[PDB]
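Heads up: the structure comes next, in structure tokens.
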Amino acid sequence: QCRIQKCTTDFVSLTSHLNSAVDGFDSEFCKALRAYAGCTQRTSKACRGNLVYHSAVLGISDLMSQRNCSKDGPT
Amino acid sequence: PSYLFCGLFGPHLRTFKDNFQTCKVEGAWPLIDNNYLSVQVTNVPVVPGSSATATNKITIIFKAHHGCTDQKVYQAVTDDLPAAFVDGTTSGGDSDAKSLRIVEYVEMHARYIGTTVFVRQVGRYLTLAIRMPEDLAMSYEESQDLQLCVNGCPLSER
Amino acid sequence: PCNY
Amino acid sequence: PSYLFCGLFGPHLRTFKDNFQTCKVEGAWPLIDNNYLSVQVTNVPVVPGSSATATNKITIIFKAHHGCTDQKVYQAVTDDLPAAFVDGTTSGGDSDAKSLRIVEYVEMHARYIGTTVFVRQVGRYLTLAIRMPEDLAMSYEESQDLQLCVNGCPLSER
Amino acid sequence: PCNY
Amino acid sequence: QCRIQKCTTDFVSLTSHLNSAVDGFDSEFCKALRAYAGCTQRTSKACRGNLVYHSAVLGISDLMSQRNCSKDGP
Amino acid sequence: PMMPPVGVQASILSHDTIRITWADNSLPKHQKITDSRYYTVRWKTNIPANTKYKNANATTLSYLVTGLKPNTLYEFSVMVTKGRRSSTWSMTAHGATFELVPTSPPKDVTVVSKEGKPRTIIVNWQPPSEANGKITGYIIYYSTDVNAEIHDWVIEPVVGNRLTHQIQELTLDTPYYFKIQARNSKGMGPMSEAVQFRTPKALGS
Amino acid sequence: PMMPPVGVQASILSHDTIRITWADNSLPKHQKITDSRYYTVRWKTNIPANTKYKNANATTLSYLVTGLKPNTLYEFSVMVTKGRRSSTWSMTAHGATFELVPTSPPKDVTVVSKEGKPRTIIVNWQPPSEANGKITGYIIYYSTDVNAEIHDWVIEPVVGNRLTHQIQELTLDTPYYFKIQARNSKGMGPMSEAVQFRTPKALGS
Amino acid sequence: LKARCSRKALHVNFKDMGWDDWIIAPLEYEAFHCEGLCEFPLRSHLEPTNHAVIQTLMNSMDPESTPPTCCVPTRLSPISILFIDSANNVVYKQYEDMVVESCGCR
Amino acid sequence: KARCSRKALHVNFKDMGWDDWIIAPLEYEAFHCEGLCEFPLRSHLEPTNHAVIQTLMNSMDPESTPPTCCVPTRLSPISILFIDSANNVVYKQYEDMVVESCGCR
Ligand SMILES: *[C@@H]1O[C@H](CO)[C@@H](O)[C@H](O)[C@H]1NC(C)=O
Ligand SMILES: *[C@@H]1O[C@H](CO)[C@@H](O)[C@H](O)[C@H]1NC(C)=O
Ligand SMILES: *[C@@H]1O[C@H](CO)[C@@H](O)[C@H](O)[C@H]1NC(C)=O
């Protein structure tokens, strides 16, 4: 079924501690973002019409643009 | 301004009054027949003798609106969804006049009457979505009493 | 001007 | 810790389980009969032969709690609401021991069992409000099955 | 200490 | 009946234009608070047990203390 | 004005008697009274509600207080007077009387049929108004015979901190008679007058 | 590479014919072709969906395009070739053909009984697929006689921007026959083949 | 300046978000949003819960003991969305809680 | 910089002087909600569709709309024993007195 909540939970679990005052914030954040993008992509069909899913996809893409995360890279 | 929506799909009808109906309405039937627009559909039984029907033709008449558009007719049929009016034009009136236009769903933007018409082919049949301003959607003469989008289907067709 |  | 409340007034009963009942319960009846506390009331028909009854006596037994209080008994009757236990004391145990006290409603604060008991006279009759911790309110032996505050009144009394 |  | 909402509506109507950064906030506020206190007192009996009423009474009293609005006044 | 008396002390003698003693600082050593001064002793307890102070004049520096309630906490204070001069009431001293055997019976004896168990009765009561000490138990006596001698009645001993008791295995549609007595560290109080309760019968469906 | 042709112009001659003319800047004064160059003219319209361009080679700087649809907007562009050398397609020019009388009948003629009014019929139709111009009206012919000559049929003229019409005062439980024809500024199109509709009868309650 | 809790405009353009690849209609709608101060006393139309009544009181008496209540949607209405579903079919569905109808302090 | 959470909030009716009409309880734990509502909202914050869209828009352009707000999404009653206008002892469930869950709305 639609499993966007798992993707989001993973992303929140992985990044909740991150604080921009520490050195590797942006790299760890971009890694988590790429993983979040990948997880959401793999449940795209089941989630069609779920605003949580569509908002995740767009918000992820926008955050990756804002934080300058390469679309390809480590997770 | 507030908007009223009408839909026909695989047939099933969603009226401007948000009543959902399953209608047979075999042959040619008016969805809209008002002062600004004519929307005419042809429905065919899915198999012979079936009460379940689906859309094989959509005709839209954008009536002449002085200073905005000359009369334009759009027609789509199963396996023929053009991105132009029957005269090969993609816009109403002059080259400068963009109050009425078609873009490839194929969409018709009749800005002059705040009206949008979306047409697509889902499998062997056609679907239709209409967004129209309430005052314009309800602007019709007494004799224009058969309009599936306004009053739904006759009881005998449901 | 034509716009609704 | 969560609190359970019991009430008796003009009789009408509100149980620890929030069921509201109108009970006759004429004579002496236990409201509470548990490991820590005894609450006993006397109800009298408002007029002879009436099923409507009201409270003329409230007895509270604060059972001995080693190191906190010796056994204390409070008793109020119509036209006699003292601010002391039957032995003339206003606190349990020693002079330093304030785990059990009475203040003038007359109120009993049994801090040691997180219990409060409010008593007042409304007209010719007595009212009662009890606030007790859930685990203590439900801490009683199998034979202590008649407790108006826990199970409400017998069906025949309603 | 006596307090619940 | 409990008519606390009438008292509150009046107070809010009367103070809706007040902007804390404008020069006469406290004097108009106190007059308003005093009227709010009076209105809430006139429906007190009907409102016992009504959390909106009891909160209003206490909130008003506290504000009048915070802002040093005299008990009596215009 | 006049200095109030000091060192007020309550000596417990019995269940109804307490001796009060005090010192007067205005007085010479051995508390020798060499003038027309007299003392006033005042006392009360908190039971029943709204009692007033009892008073007594004393010619010397002691007073025996009698007719007190058993197992009761009393407050005592002293003042001195000399014609026109009068002191304030001293610091209060307290004294609790000794216990006495209960002198009144349990009250409001109520007998009911247990719900769903008609061969079981519930006996409910109120303490004696004259408990005269901590109630350590009650005794419930019951019989089917109203004229049976007391020693022939069924005995049901019970704890003193409870006011409800259940009696099982009784005969249906039968009159029973109940008497209760309280007990304390001093002994048995009087018995309540017998209460009658007829057990229910069956309602065939 | 080679310079594309310029000044592409569409001269409307009829409902199916348009003459295309263009200039070649690479050419000398008076546009005289003195080499082995040839031109390619391409054209299409947007009706029906997904049409492909039609092409034609031209020996000179003009080309007559025939067999076009009436009242249709076409696009035209020109390119030049010289053995190995070939230019890109020029800027496009447009041209709309003249109207022609409709050449096909109204379609999907559907006749229904009006709800609650069984002596009223509703005639619904679709435009001719070959309207060949702006439809200015329709004519509905009806009869109770299937063999009556056309001039004996009841005539019901109707506006061209509507596809539904109501006919009142008809006889119940009676077969009726309907034919429709479209009209434009050029005249009358053909009539649709008669459609039969038997009016309803009464259902006595 | 610091306005009190109010309903404000919020225009949602699904085409700008790229969602027109699955949404057919509408491609935009007015969602509104809530914003502004929740101050003692809460006006009746802010329709507070008992909890919000108490919290607003406590924040008024001691802004350090509790934060103020928050201006949020208290009534919302759906919009009907025509979209292409996971089976690639046209579906019309009411999306609940899409349009703010009233704001209040919670 | 804490994220939306349920936090302690102790209500003391006696400190407020309401013990002239409230009999019991004289205090209770009401809790309160506080903290950031950030994209992406975890499932347990239970956003409405509207909150989902608003959080998204505020993430993409904080000028277009403020973030959603941390507020009680589930509350529970407490039973209050009190004296009413007619000097009747009343026991009543006061609805929505205790925050059970917080979320972004
Ligand atoms: C991303 O790049 C832009 C442009 O250089 C810069 O302004 C911004 O601060 C960068 N942000 C991050 C998180 O790297
Ligand atoms: C004590 O003596 C005074 C003065 O003679 C007198 O008025 C008072 O009544 C006496 N008290 C008692 C208890 O007799
Ligand atoms: C035009 O000429 C070229 C070269 O001879 C030829 O390949 C092409 O097919 C011709 N086009 C038409 C429409 O005949």
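Throughout, chain J uses Swiss-Prot numbering, with the displayed residues spanning 397-501 in order.
Cβ atoms here come from the backbone N, Cα and C positions, even for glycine.
Swiss-Prot names the disulfide partner of J:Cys429 among J:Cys498, J:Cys500 as J:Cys498. Proximity of J:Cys498 (disulfide bond) to non-local residues of its own chain (separation of 6 or more, Cβ distance below 8 Å) is seen for J:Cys400, J:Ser401, J:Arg402, J:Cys429, J:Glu430, J:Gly431, J:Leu441, J:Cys466, J:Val467, J:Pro468, J:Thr469, given in sequence order.
For the disulfide-bonded residues J:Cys433, J:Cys466, the ranking by surrounding Cβ atoms (within 10 Å, all protein chains) places J:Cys466 first. Contacts of J:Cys500 (disulfide bond) defined by a Cβ separation under 8 A and a same-chain sequence distance of 6+ are given as J:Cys400, J:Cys433, J:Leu437, J:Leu441, J:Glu442, J:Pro443, J:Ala447, J:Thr451, J:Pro463, J:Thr464, J:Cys465, J:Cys466, J:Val467, in order along the sequence. When Cβ atoms from all protein chains are considered, those within 10 Å of J:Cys400 (disulfide bond) total 25, not counting its own. Counting every protein chain shown, 26 other Cβ atoms lie within 10 Å of the Cβ of J:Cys429 (disulfide bond). In this entry, nothing among the disulfide-bonded residues J:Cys400, J:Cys433, J:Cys498, J:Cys500 has a C-beta under 8 A from a C-beta of chain I.
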